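A.B. asks: To start, I am sharing the structure in question, which I have written as structure tokens.
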2 protein chains.
Amino acid sequence: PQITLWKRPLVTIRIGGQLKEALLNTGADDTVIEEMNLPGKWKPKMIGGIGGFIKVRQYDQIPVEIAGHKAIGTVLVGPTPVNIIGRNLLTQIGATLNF
Amino acid sequence: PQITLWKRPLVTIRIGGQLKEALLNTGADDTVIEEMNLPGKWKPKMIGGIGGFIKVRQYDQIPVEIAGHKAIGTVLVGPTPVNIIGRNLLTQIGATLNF
Ligand SMILES: CC[C@H](C)[C@@H]1NC(=O)[C@@H](NC(=O)[C@@H]2Cc3ccc(cc3)OCCCCC(=O)N[C@@H](C(C)C)C(=O)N2)Cc2ccc(cc2)OCCCNC1=O
């Protein structure tokens, strides 16, 4: 599909058995999802945004379906006002920027 | 052009007559450029993201050429980690997400 940018490019994703709304984010190296009691082993990580760094839990090889497209990779969990799908998963669904 | 996402989608822009590298960020409502001098009057504003808020200088109706495409809109100037082209200007150059 094609998504314009008049508004935030929010789409439905499925992770850990739950459906959530997430932002297709070309400005994010990583995928960060709002605090979720996700099971599995994790490693601590710090990621930086416009205002500074925040602590997140890094989970590997997590299946994540994006608008019906299956992906699997690293998902970071932490306090974020919006669920973010980063380039690590956007590449998996063959997403591009076009103009 | 069609840009894949294995790497950060950085492109060269010209703003205020100067060249800079900036990130095409579909996850940003606004455009934020590193501290620099820009013609005209600016208004103090605050913008947020991961890590919290930062103080910026809001300049309106600023011409920005993004990899050959023209845009004229709001540019926030402040201590951002990287130069960011947000949806306000991405829409102007006709950029869309495709997958
Ligand atoms: C998940 C973030 C990701 C790890 C990070 N990218 C951003 O934070 C990028 N910003 C974003 O992804 C956020 C996403 C977001 C969207 C809506 C949000 C919060 C966060 O709701 C509240 C704020 C709404 C206003 C907004 O759109 N803020 C933008 C900002 C650039 C204007 C923002 O921070 N977008 C910008 C950036 C910052 C630092 C960068 C590279 C790029 O280099 C540091 C190392 C790599 N970091 C990243 O890739």
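Identifiers in this document derive from the order of the structure tokens: chains are assigned A, B, ..., residues are numbered from 1 separately in each chain, and ligands are numbered from 1 in order of occurrence.
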Can you tell me which residues come within 8 Å of ligand 1 when counting only C-alpha atoms and all ligand atoms, ideally as a ChimeraX atom specification?
C.D. replies: /A:23,25-32,47-51,80-82,84-86 /B:23,25,27-32,47-51,80-82,84,86
A.B. asks: Applying 10 Å and only C-alpha atoms, which residues near residue 37 of chain A remain after dropping the ones on its own chain fewer than 3 positions away? List them as a list in words.
C.D. replies: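 Residues meeting the cut-off are residues 16, 34, 40 and 77 of chain A.
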A.B. asks: Taking only C-alpha atoms into account, report as a ChimeraX atom specification which residues of chain A lie within 6 Å of chain B.
C.D. replies: /A:1-5,25-27,49-54,87,91,94-99
A.B. asks: Atom CA of residue 44 of chain B to atom CA of residue 83 of chain B: how many Å, to one decimal?
C.D. replies: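 Going from atom CA of residue 44 of chain B over to atom CA of residue 83 of chain B covers 18.4 Å.
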A.B. asks: Please indicate the distance in Å from atom CA of residue 59 of chain B to atom CA of residue 72 of chain B, rounded to one decimal place.
C.D. replies: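 Between atom CA of residue 59 of chain B and atom CA of residue 72 of chain B the gap works out to 10.8 Å.
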A.B. asks: What does the distance from atom CA of residue 68 of chain A to atom CA of residue 41 of chain A come to in Å, to one decimal?
C.D. replies: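 The value is 26.0 Å.
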A.B. asks: Which residues are close to residue 58 of chain A, i.e. within 7 Å by only C-alpha atoms, leaving aside same-chain residues fewer than 3 positions away? Reply as a ChimeraX atom specification.
C.D. replies: /A:42-45,74-77
A.B. asks: The selected residues should be written to file as a PDB file, in the first residue's frame (atoms: N, CA, C and O atoms).
C.D. replies:
ATOM      1  N   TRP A  42      15.761 -10.673  28.004  1.00  0.00           N
ATOM      2  CA  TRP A  42      16.067  -9.368  27.428  1.00  0.00           C
ATOM      3  C   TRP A  42      17.387  -8.824  27.950  1.00  0.00           C
ATOM      4  O   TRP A  42      17.944  -9.332  28.928  1.00  0.00           O
ATOM      5  N   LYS A  43      17.885  -7.790  27.283  1.00  0.00           N
ATOM      6  CA  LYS A  43      19.134  -7.153  27.679  1.00  0.00           C
ATOM      7  C   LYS A  43      18.844  -5.666  27.835  1.00  0.00           C
ATOM      8  O   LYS A  43      18.016  -5.116  27.107  1.00  0.00           O
ATOM      9  N   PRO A  44      19.493  -5.002  28.805  1.00  0.00           N
ATOM     10  CA  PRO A  44      19.237  -3.571  28.972  1.00  0.00           C
ATOM     11  C   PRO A  44      19.877  -2.792  27.826  1.00  0.00           C
ATOM     12  O   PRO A  44      20.922  -3.180  27.301  1.00  0.00           O
ATOM     13  N   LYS A  45      19.232  -1.702  27.431  1.00  0.00           N
ATOM     14  CA  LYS A  45      19.737  -0.873  26.350  1.00  0.00           C
ATOM     15  C   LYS A  45      19.309   0.553  26.614  1.00  0.00           C
ATOM     16  O   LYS A  45      18.328   0.799  27.310  1.00  0.00           O
ATOM     17  N   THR A  74      14.367  -7.500  16.468  1.00  0.00           N
ATOM     18  CA  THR A  74      14.556  -6.875  17.764  1.00  0.00           C
ATOM     19  C   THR A  74      13.489  -5.839  18.087  1.00  0.00           C
ATOM     20  O   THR A  74      13.213  -4.943  17.291  1.00  0.00           O
ATOM     21  N   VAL A  75      12.886  -5.975  19.260  1.00  0.00           N
ATOM     22  CA  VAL A  75      11.861  -5.045  19.716  1.00  0.00           C
ATOM     23  C   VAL A  75      12.313  -4.514  21.061  1.00  0.00           C
ATOM     24  O   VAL A  75      12.664  -5.297  21.954  1.00  0.00           O
ATOM     25  N   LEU A  76      12.319  -3.191  21.204  1.00  0.00           N
ATOM     26  CA  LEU A  76      12.717  -2.565  22.463  1.00  0.00           C
ATOM     27  C   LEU A  76      11.437  -2.169  23.190  1.00  0.00           C
ATOM     28  O   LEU A  76      10.507  -1.641  22.573  1.00  0.00           O
ATOM     29  N   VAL A  77      11.382  -2.427  24.493  1.00  0.00           N
ATOM     30  CA  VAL A  77      10.197  -2.097  25.281  1.00  0.00           C
ATOM     31  C   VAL A  77      10.521  -1.070  26.351  1.00  0.00           C
ATOM     32  O   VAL A  77      11.458  -1.233  27.130  1.00  0.00           O
TER      33      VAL A  77
END
A.B. asks: According to DSSP computed on the backbone, where in chain A is there helix (DSSP H, G or I)? Give the residues as a compact mmCIF listing (two decimals) with C-alpha atoms, in the first residue's frame.
C.D. replies:
# COMPACT_ATOMS: atom_id res chain seq x y z
CA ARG A 87 14.02 0.68 10.11
CA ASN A 88 15.02 -2.74 11.46
CA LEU A 89 11.49 -3.94 10.70
CA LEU A 90 10.54 -1.49 7.95
A.B. asks: When you look at segment 11-14 of chain B with a cut-off of 8 Å (counting only C-alpha atoms), what residues show up, excluding the ones that are within fewer than 5 positions of it in the same chain? I need them as a list in words.
C.D. replies: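 Near neighbours after the sequence-gap exclusion: residues 19, 20, 21, 22, 23, 24, 64, 65, 66 and 67 of chain B.
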A.B. asks: Would you please extract all strand (DSSP E) residues from segment 14-79 of chain A, as assigned by DSSP on the backbone, and give them as a PyMOL selection string?
C.D. replies: chain A and resi 14-15+18-24+32-34+43-49+52-66+69-78
